[PDB]
file target-v5.txt (compact mmCIF, C-alpha atoms)
# COMPACT_ATOMS: atom_id res chain seq x y z
CA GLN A 1 56.99 49.93 96.50
CA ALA A 2 59.48 49.16 93.74
CA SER A 3 58.57 46.14 91.61
CA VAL A 4 61.40 44.01 90.25
CA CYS A 5 61.68 43.13 86.56
CA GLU A 6 62.88 39.67 85.56
CA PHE A 7 64.70 39.22 82.26
CA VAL A 8 64.18 36.24 79.94
CA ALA A 9 66.48 35.67 76.97
CA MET A 10 65.01 34.95 73.54
CA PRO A 11 66.16 35.21 69.89
CA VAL A 12 66.29 38.55 68.10
CA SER A 13 64.24 37.39 65.10
CA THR A 14 61.07 37.11 67.17
CA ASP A 15 57.59 37.73 65.76
CA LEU A 16 56.63 41.04 67.34
CA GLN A 17 52.90 40.47 66.78
CA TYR A 18 52.95 38.01 69.70
CA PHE A 19 53.58 40.85 72.15
CA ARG A 20 50.82 43.08 70.76
CA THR A 21 48.11 40.95 72.42
CA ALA A 22 47.79 39.23 75.80
CA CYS A 23 50.69 36.78 75.53
CA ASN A 24 52.70 34.31 77.62
CA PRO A 25 56.28 35.13 78.68
CA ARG A 26 57.43 31.51 78.38
CA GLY A 27 57.11 31.68 74.60
CA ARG A 28 54.75 28.70 74.42
CA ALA A 29 51.16 28.83 75.61
CA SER A 30 50.42 26.20 78.22
CA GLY A 31 48.61 25.52 81.46
CA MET A 32 45.90 23.63 83.31
CA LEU A 33 43.08 24.84 81.04
CA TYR A 34 43.47 22.24 78.26
CA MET A 35 42.48 18.66 79.12
CA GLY A 36 39.76 16.12 78.39
CA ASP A 37 41.45 12.83 77.51
CA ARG A 38 43.83 11.78 80.31
CA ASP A 39 45.77 12.98 83.36
CA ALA A 40 49.34 13.11 81.99
CA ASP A 41 48.63 15.83 79.44
CA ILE A 42 49.85 18.93 81.31
CA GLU A 43 53.48 17.86 80.86
CA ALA A 44 52.82 17.07 77.19
CA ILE A 45 51.41 20.56 76.66
CA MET A 46 54.14 22.35 78.60
CA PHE A 47 57.25 20.46 77.48
CA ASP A 48 56.67 18.00 74.59
CA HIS A 49 57.89 19.78 71.46
CA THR A 50 57.05 16.96 69.06
CA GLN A 51 53.54 18.39 68.66
CA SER A 52 52.73 22.01 67.92
CA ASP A 53 51.65 24.81 70.25
CA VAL A 54 48.11 24.70 71.60
CA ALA A 55 47.30 28.36 70.91
CA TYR A 56 49.36 29.37 67.85
CA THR A 57 48.92 26.17 65.89
CA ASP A 58 51.68 26.48 63.31
CA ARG A 59 54.83 26.21 65.45
CA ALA A 60 56.25 24.65 68.59
CA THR A 61 57.44 27.63 70.64
CA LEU A 62 58.37 31.24 69.95
CA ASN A 63 61.64 30.91 71.77
CA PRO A 64 63.66 27.70 72.20
CA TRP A 65 65.69 29.25 75.03
CA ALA A 66 62.95 29.46 77.67
CA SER A 67 60.41 26.78 76.74
CA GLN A 68 61.95 23.29 76.76
CA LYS A 69 62.32 20.91 79.69
CA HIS A 70 65.89 21.92 80.54
CA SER A 71 66.43 25.15 78.61
CA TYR A 72 68.02 28.33 79.98
CA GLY A 73 64.88 30.02 81.27
CA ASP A 74 63.53 26.74 82.61
CA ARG A 75 66.79 25.92 84.39
CA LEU A 76 66.86 29.41 85.88
CA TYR A 77 63.26 30.33 86.79
CA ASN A 78 61.41 27.06 87.44
CA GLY A 79 60.67 26.57 91.12
CA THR A 80 61.37 22.83 91.11
CA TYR A 81 65.13 23.06 90.57
CA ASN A 82 65.39 25.95 93.09
CA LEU A 83 68.31 27.94 91.76
CA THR A 84 67.05 31.29 93.10
CA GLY A 85 65.94 29.87 96.44
CA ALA A 86 68.42 31.88 98.49
CA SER A 87 67.11 35.10 96.93
CA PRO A 88 64.78 37.00 99.30
CA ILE A 89 63.24 38.85 96.32
CA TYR A 90 60.04 37.76 94.59
CA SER A 91 60.43 36.61 90.98
CA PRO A 92 57.53 37.99 88.90
CA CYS A 93 57.56 35.07 86.44
CA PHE A 94 57.74 32.22 88.95
CA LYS A 95 54.04 31.57 88.33
CA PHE A 96 54.51 31.20 84.56
CA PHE A 97 57.22 28.51 84.71
CA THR A 98 56.35 26.23 87.64
CA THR B 1 103.53 14.51 53.90
CA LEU B 2 99.91 15.89 53.95
CA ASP B 3 99.22 14.26 50.56
CA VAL B 4 98.69 10.76 51.94
CA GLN B 5 96.61 12.14 54.83
CA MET B 6 94.35 14.09 52.46
CA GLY B 7 94.02 11.06 50.18
CA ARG B 8 93.10 8.82 53.12
CA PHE B 9 90.52 11.37 54.28
CA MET B 10 88.98 11.62 50.81
CA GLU B 11 88.83 7.83 50.53
CA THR B 12 87.24 7.38 53.96
CA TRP B 13 84.85 10.32 53.52
CA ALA B 14 83.18 8.89 50.40
CA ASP B 15 81.20 6.53 52.65
CA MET B 16 81.69 8.04 56.14
CA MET B 17 78.47 10.08 56.01
CA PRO B 18 75.31 8.11 55.13
CA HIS B 19 73.01 11.15 55.49
CA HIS B 20 72.89 14.95 55.52
CA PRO B 21 74.68 16.60 58.47
CA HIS B 22 72.47 18.54 60.85
CA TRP B 23 74.86 21.49 61.29
CA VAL B 24 75.04 22.52 57.62
CA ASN B 25 71.29 23.22 57.21
CA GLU B 26 71.59 26.90 58.13
CA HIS B 27 69.42 28.15 55.24
CA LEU B 28 66.26 27.54 57.29
CA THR B 29 64.14 30.58 58.00
CA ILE B 30 62.86 31.31 61.50
CA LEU B 31 59.37 29.91 60.82
CA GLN B 32 60.79 26.63 59.53
CA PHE B 33 63.43 26.35 62.27
CA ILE B 34 60.84 26.98 64.98
CA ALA B 35 58.38 24.37 63.61
CA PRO B 36 58.21 21.06 65.53
CA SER B 37 59.33 18.95 62.55
CA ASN B 38 62.88 20.28 63.02
CA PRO B 39 65.05 17.64 64.78
CA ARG B 40 67.64 20.29 65.76
CA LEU B 41 65.06 22.23 67.82
CA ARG B 42 65.33 19.97 70.88
CA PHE B 43 69.12 20.42 70.96
CA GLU B 44 68.99 24.23 71.12
CA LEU B 45 68.48 25.08 74.80
CA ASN B 46 71.16 27.46 76.02
CA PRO B 47 72.12 30.61 74.07
CA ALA B 48 75.85 30.05 74.69
CA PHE B 49 76.19 26.29 74.10
CA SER C 1 43.64 9.15 50.25
CA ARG C 2 44.54 6.00 48.33
CA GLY C 3 43.49 4.88 44.88
CA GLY C 4 45.34 6.93 42.29
CA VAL C 5 48.29 5.86 40.17
CA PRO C 6 51.36 5.72 42.43
CA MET C 7 54.81 6.84 41.42
CA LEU C 8 57.26 4.28 40.11
CA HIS C 9 59.82 4.56 42.92
CA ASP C 10 58.53 3.97 46.45
CA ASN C 11 61.37 5.99 47.98
CA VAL C 12 60.27 9.03 45.93
CA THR C 13 56.78 8.85 47.46
CA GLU C 14 58.26 8.26 50.93
CA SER C 15 60.54 11.30 50.62
CA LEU C 16 57.71 13.44 49.25
CA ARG C 17 55.37 12.45 52.09
CA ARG C 18 58.10 13.03 54.68
CA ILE C 19 58.78 16.52 53.33
CA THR C 20 55.04 17.26 53.10
CA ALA C 21 54.58 16.18 56.73
CA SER C 22 57.04 18.88 57.77
CA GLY C 23 55.25 22.20 58.00
CA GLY C 24 51.80 20.70 58.58
CA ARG C 25 49.88 20.04 61.79
CA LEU C 26 47.69 17.20 60.52
CA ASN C 27 49.57 14.21 59.13
CA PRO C 28 49.15 10.45 58.79
CA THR C 29 50.87 8.31 61.40
CA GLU C 30 54.45 7.24 60.74
CA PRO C 31 54.14 3.41 60.23
CA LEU C 32 51.52 3.91 57.44
CA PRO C 33 49.19 1.09 58.56
CA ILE C 34 48.07 -1.17 55.72
CA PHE C 35 44.37 -2.12 55.80
CA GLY C 36 43.44 0.95 57.82
CA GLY C 37 41.79 4.34 57.70
CA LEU C 38 44.89 6.58 58.01
CA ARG C 39 43.65 8.55 61.00
CA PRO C 40 45.69 11.66 61.91
CA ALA C 41 47.59 11.50 65.19
CA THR C 42 45.55 13.07 67.97
CA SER C 43 47.13 15.86 69.97
CA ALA C 44 46.76 17.42 73.41
CA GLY C 45 44.22 20.07 74.44
CA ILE C 46 42.39 22.56 72.23
CA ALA C 47 42.85 26.29 72.76
CA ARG C 48 40.36 28.20 70.60
CA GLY C 49 37.96 25.70 69.07
call {"tool": "encode", "arguments": {"input": "target-v5.txt", "output": "structure tokens"}}
result
Amino acid sequence: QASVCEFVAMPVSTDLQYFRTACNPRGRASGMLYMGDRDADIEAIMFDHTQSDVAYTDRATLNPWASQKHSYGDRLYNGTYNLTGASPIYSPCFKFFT
Amino acid sequence: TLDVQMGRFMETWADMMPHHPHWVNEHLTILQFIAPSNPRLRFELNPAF
Amino acid sequence: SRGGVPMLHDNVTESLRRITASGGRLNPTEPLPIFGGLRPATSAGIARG
């Protein structure tokens, strides 16, 4: 069975040492795993770019084209806005953006 | 006659800008642009806009 | 830390602290609370310790 490849745009001057380990395709590490103070912290991890990244703690996000609240990759691949809903093909990075 | 217009622009421009413009700071490297202290970071979303 | 000899112009110290705050994760809070401990602004979750 042929597996589809989804393409995410990002700047050319990208630190290549990110992709040499187990990385995140969104460009900013995120998720359910980091909590301990309140309930409205998942959105602050995933979208608030005032504070730095949780994993690589010297920057906000590797790409600013697929990481913000309403960026290109987030407007295209997030399941909430449902742009690719008429597509009958599975998107392999739906789970990383929703 | 393009003299009076340039003079009016130079007179108005001496106090039109009270701070540094955000589109002329293009000497930033990638590590400083990407850092969260950059106020221009939240306005860079699409690659064509 | 507080206690040393401050610089003569307050705007010089304000500009220096604002530039220093860029490029650093830990920073004092923006209002600079007088009669306080200057606690750094807490962040969200912790990844690797």
call {"tool": "interface_residues", "arguments": {"input": "target-v5.txt", "of": "chain C", "to": "chain A", "cutoff": "8 Å", "atoms": "only C-alpha atoms", "output": "VMD selection string"}}
result
chain C and resid 23 to 25 43 to 48
call {"tool": "write_last_selection", "arguments": {"input": "target-v5.txt", "atoms": "C-alpha atoms", "output": "PDB file, keeping the file's coordinate frame"}}
result
ATOM      1  CA  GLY C  23      55.250  22.200  58.000  1.00  0.00           C
ATOM      2  CA  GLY C  24      51.800  20.700  58.580  1.00  0.00           C
ATOM      3  CA  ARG C  25      49.880  20.040  61.790  1.00  0.00           C
ATOM      4  CA  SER C  43      47.130  15.860  69.970  1.00  0.00           C
ATOM      5  CA  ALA C  44      46.760  17.420  73.410  1.00  0.00           C
ATOM      6  CA  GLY C  45      44.220  20.070  74.440  1.00  0.00           C
ATOM      7  CA  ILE C  46      42.390  22.560  72.230  1.00  0.00           C
ATOM      8  CA  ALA C  47      42.850  26.290  72.760  1.00  0.00           C
ATOM      9  CA  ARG C  48      40.360  28.200  70.600  1.00  0.00           C
TER      10      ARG C  48
END
call {"tool": "residues_around", "arguments": {"input": "target-v5.txt", "residues": "residue 28 (chain A)", "least_positions_apart": "6", "cutoff": "8 Å", "atoms": "all atoms listed in the file", "output": "VMD selection string"}}
result
chain A and resid 46 53 60 to 63 67
call {"tool": "atom_distance", "arguments": {"input": "target-v5.txt", "atom1": "CA of residue 21 (chain B)", "atom2": "CA of residue 22 (chain C)"}}
result
17.8 Å
call {"tool": "closest_residue", "arguments": {"input": "target-v5.txt", "among": "C:20, C:35, C:49, C:26", "to": "residue 2 (chain C)", "atoms": "all atoms listed in the file"}}
result
C:35
call {"tool": "closest_residue", "arguments": {"input": "target-v5.txt", "among": "B:2, B:28, B:41, B:16", "to": "chain A", "atoms": "only C-alpha atoms"}}
result
B:41
call {"tool": "atom_distance", "arguments": {"input": "target-v5.txt", "atom1": "CA of residue 80 (chain A)", "atom2": "CA of residue 6 (chain A)"}}
result
17.8 Å
call {"tool": "interface_residues", "arguments": {"input": "target-v5.txt", "of": "chain B", "to": "chain C", "cutoff": "10 Å", "atoms": "only C-alpha atoms", "output": "PyMOL selection string"}}
result
chain B and resi 31-32+35-38
call {"tool": "residues_around", "arguments": {"input": "target-v5.txt", "residues": "residue 65 (chain A)", "least_positions_apart": "3", "cutoff": "7 Å", "atoms": "all atoms listed in the file", "output": "MDAnalysis selection string"}}
result
(chainID A and resid 9:10 71:73) or (chainID B and resid 45:47)
call {"tool": "atom_distance", "arguments": {"input": "target-v5.txt", "atom1": "CA of residue 15 (chain B)", "atom2": "CA of residue 31 (chain C)"}}
result
28.3 Å
call {"tool": "closest_residue", "arguments": {"input": "target-v5.txt", "among": "B:8, B:22, B:27, B:40", "to": "chain A", "atoms": "all atoms listed in the file"}}
result
B:40
call {"tool": "closest_residue", "arguments": {"input": "target-v5.txt", "among": "A:84, A:1, A:50, A:91", "to": "chain B", "atoms": "only C-alpha atoms"}}
result
A:50
call {"tool": "decode", "arguments": {"input": "target-v5.txt", "residues": "region 32-98 of chain A", "atoms": "C-alpha atoms", "output": "mmCIF file, in the first residue's frame"}}
result
data_model
loop_
_atom_site.group_PDB
_atom_site.id
_atom_site.type_symbol
_atom_site.label_atom_id
_atom_site.label_comp_id
_atom_site.auth_asym_id
_atom_site.auth_seq_id
_atom_site.Cartn_x
_atom_site.Cartn_y
_atom_site.Cartn_z
ATOM 1 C CA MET A 32 -0.154 16.879 26.526
ATOM 2 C CA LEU A 33 2.959 15.698 28.403
ATOM 3 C CA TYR A 34 3.850 19.011 30.095
ATOM 4 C CA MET A 35 1.511 20.203 32.863
ATOM 5 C CA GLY A 36 1.394 20.595 36.636
ATOM 6 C CA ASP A 37 0.079 24.075 37.405
ATOM 7 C CA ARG A 38 -3.297 24.614 35.700
ATOM 8 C CA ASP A 39 -5.629 23.374 32.956
ATOM 9 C CA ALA A 40 -5.189 26.086 30.293
ATOM 10 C CA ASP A 41 -1.521 25.340 29.653
ATOM 11 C CA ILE A 42 -1.748 23.142 26.540
ATOM 12 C CA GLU A 43 -2.702 26.137 24.391
ATOM 13 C CA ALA A 44 0.084 28.196 25.984
ATOM 14 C CA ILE A 45 2.623 25.502 25.106
ATOM 15 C CA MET A 46 1.347 24.938 21.581
ATOM 16 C CA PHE A 47 0.636 28.502 20.440
ATOM 17 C CA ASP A 48 1.902 31.222 22.825
ATOM 18 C CA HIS A 49 5.162 32.488 21.326
ATOM 19 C CA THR A 50 5.883 35.031 24.055
ATOM 20 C CA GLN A 51 7.703 32.317 26.036
ATOM 21 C CA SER A 52 10.348 29.999 24.645
ATOM 22 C CA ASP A 53 10.080 26.409 23.444
ATOM 23 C CA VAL A 54 9.660 23.714 26.072
ATOM 24 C CA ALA A 55 12.284 21.343 24.653
ATOM 25 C CA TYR A 56 14.902 23.534 22.936
ATOM 26 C CA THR A 57 14.980 26.308 25.503
ATOM 27 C CA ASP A 58 16.700 29.080 23.566
ATOM 28 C CA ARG A 59 14.104 29.930 20.899
ATOM 29 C CA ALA A 60 10.387 30.048 20.196
ATOM 30 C CA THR A 61 9.967 27.805 17.145
ATOM 31 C CA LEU A 62 12.191 26.472 14.383
ATOM 32 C CA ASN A 63 9.813 27.604 11.702
ATOM 33 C CA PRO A 64 7.378 30.527 11.954
ATOM 34 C CA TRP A 65 5.382 29.245 8.969
ATOM 35 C CA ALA A 66 3.880 26.123 10.574
ATOM 36 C CA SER A 67 3.815 26.809 14.310
ATOM 37 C CA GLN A 68 1.685 29.849 15.175
ATOM 38 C CA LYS A 69 -2.050 29.983 15.820
ATOM 39 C CA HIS A 70 -2.999 30.968 12.262
ATOM 40 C CA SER A 71 0.142 30.304 10.235
ATOM 41 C CA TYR A 72 0.296 28.531 6.867
ATOM 42 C CA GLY A 73 0.761 24.976 8.122
ATOM 43 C CA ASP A 74 -1.747 25.514 10.913
ATOM 44 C CA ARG A 75 -4.343 26.969 8.550
ATOM 45 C CA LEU A 76 -3.805 24.058 6.176
ATOM 46 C CA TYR A 77 -3.323 20.924 8.309
ATOM 47 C CA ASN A 78 -5.146 21.528 11.605
ATOM 48 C CA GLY A 79 -8.299 19.452 11.873
ATOM 49 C CA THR A 80 -10.352 22.178 13.544
ATOM 50 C CA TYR A 81 -10.595 24.497 10.535
ATOM 51 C CA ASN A 82 -11.262 21.516 8.200
ATOM 52 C CA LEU A 83 -9.759 22.679 4.931
ATOM 53 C CA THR A 84 -8.885 19.166 3.715
ATOM 54 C CA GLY A 85 -12.157 17.628 4.891
ATOM 55 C CA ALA A 86 -13.355 16.725 1.402
ATOM 56 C CA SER A 87 -10.125 14.801 0.777
ATOM 57 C CA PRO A 88 -10.629 11.026 1.092
ATOM 58 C CA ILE A 89 -6.872 10.574 1.694
ATOM 59 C CA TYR A 90 -5.299 10.316 5.145
ATOM 60 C CA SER A 91 -2.978 13.163 6.116
ATOM 61 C CA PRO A 92 0.081 11.747 7.922
ATOM 62 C CA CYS A 93 0.623 14.878 10.041
ATOM 63 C CA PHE A 94 -2.967 15.408 11.170
ATOM 64 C CA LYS A 95 -1.995 14.008 14.576
ATOM 65 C CA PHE A 96 0.848 16.511 15.046
ATOM 66 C CA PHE A 97 -1.233 19.657 14.489
ATOM 67 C CA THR A 98 -4.655 19.009 16.046
#
